[PDB]
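Spelled out, the chains give:
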Amino acid sequence: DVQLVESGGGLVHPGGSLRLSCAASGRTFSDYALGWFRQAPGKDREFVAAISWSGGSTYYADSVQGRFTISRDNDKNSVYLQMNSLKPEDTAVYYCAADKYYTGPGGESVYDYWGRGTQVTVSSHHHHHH
């Protein structure tokens, strides 16, 4: 019956940073491995990052590795996704997911629990010089 809620989405200029959080209900949070997934406008959802029960093991999607960092704080029942040097291609609704039994890269369909999603828009001022 674990409930997940993401926060932190917003409109950011390219090169900008953004920090997302995903908080879980109850106090059995350490029993869950978590992941971040994202859905770009009208596309299939893709893997972003994953973190094990103890933050010991982490995985990143190839398009985000090095720019993004996933972390966890058991005292705040939360996982975070720190995004640096954002690109227009990072525009998506970001979702967090939880599972008591599996951790690793990908495995979207494996996760048992899902958040609501938080929107991340990476946009310039749309100024065109011709």
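Along each chain, residues carry numbers from 1 upward in sequence order, and these need not match the entry's numbering; residues missing coordinates do not appear. Hydrogens and waters are ignored; side-chain quantities use all the structure's heavy atoms.

Draft legend 1. Region of the structure containing the overall build of the protein chain. Within the protein chain one finds 0 helices and 11 strands. In sequence order, the protein chain lays out its α and β elements as β-β-β-β-β-β-β-β-β-β-β. Only C-alpha atoms enter the radius of gyration; for comparison, a globular chain is expected to reach 2.2 Å times N to the power 0.38, where N is the number of residues. The globule rule puts the C-alpha radius of gyration for 130 residues at 14 Å, and the 15 Å found for the protein chain is close to it. Projecting the C-alpha coordinates of the protein chain onto the three principal axes gives extents of approximately 55 × 25 × 25 Å. Residue burial is assigned from relative accessible area. The probe radius is 1.4 Å, only protein chains are included, and a residue is buried under 20% of its type maximum, exposed over 50%, and partly exposed in between. Buried residues in the protein chain amount to 42% of all 130 residues. The criterion used for residue contact is that any of the two residues' heavy atoms lie within 4.5 Å. Put simply, of all contacts in the protein chain between residues at least 6 apart along the chain, 59% involve residues at least 24 apart. Across the protein chain, the mean location of the 11 positive side-chain charges is 5 Å away from that of the 13 negative side-chain charges. A run of H or I in DSSP becomes a helix once it reaches four residues, and a run of E becomes a strand once it reaches two; helices and strands are each numbered from the N terminus. Counted as positive: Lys and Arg. Counted as negative: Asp and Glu, with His and the chain ends omitted from the count. Charge positions come from single atoms, namely NZ of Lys, CZ of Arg, CG of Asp or CD of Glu.

Draft legend 2. Representation of the state of the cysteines within the structure. Here, the term disulfide refers to a pair of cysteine sulfur atoms separated by no more than 2.5 Å. Applying the stated criterion to the full structure yields 1 disulfide. Paired through a disulfide, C22 and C96 show a sulfur-sulfur distance of 2.3 Å. Between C22 and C96, the S-S dihedral sits near 60°, and the bridge is therefore right-handed. Remark: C96 occurs in strand β9 (residues 92–99) and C22 occurs in strand β3 (residues 18–24); sequence separation between them is 74 residues. Since its relative accessible area comes to 0%, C22 is described here as buried. A relative accessible area of 0% places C96 in the buried class.

Draft legend 3. Molecular detail of the sheet that holds strand β7 (residues 68–73). Strands are treated as partners if at least two bridges between them are detected by DSSP. What the 4 strands build is an open sheet, ordered β1-β3-β8-β7; its pairing is antiparallel. Where the open sheet ends on each side, the last strands, each with one partner, are β1 (4–7) and β7. Across this sheet, the average inter-strand angle for adjacent strands is 15°, counted without regard to direction. Bridge count for β1 against β3 is 4 bridges, and the pairing is antiparallel. For every element, the axis is a line fit to its C-alpha atoms; helices are fit only across the contacting stretch, and the angle between N-to-C directions ranges from 0 to 180 degrees.

Draft legend 4. Highlighting the pairing of strand β8 (residues 78–83). Within β8, 5 of the 6 residues are buried, which leaves it mostly tucked inside the rest of the structure. Alignment of β3 against β8, held across 6 bridges, turns out to be antiparallel. The partner of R19 across the bridge, within β8, is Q82. Two strands pair when backbone bridges link them, and β7 and β8 are joined in this way by 6 bridges, in the antiparallel orientation. Counterpart to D73 in the pairing with β8 is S78. Connecting β7 to the antiparallel partner β8 that follows it, the hairpin turn spans 4 residues, and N77 within it adopts a positive phi of roughly 45°.

Draft legend 5. How the structure looks around the environment of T69. Mapped onto the elements, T69 comes out in strand β7. Between the C-alpha atoms of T69 and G104, which are 35 residues apart in sequence, the distance is 15 Å.

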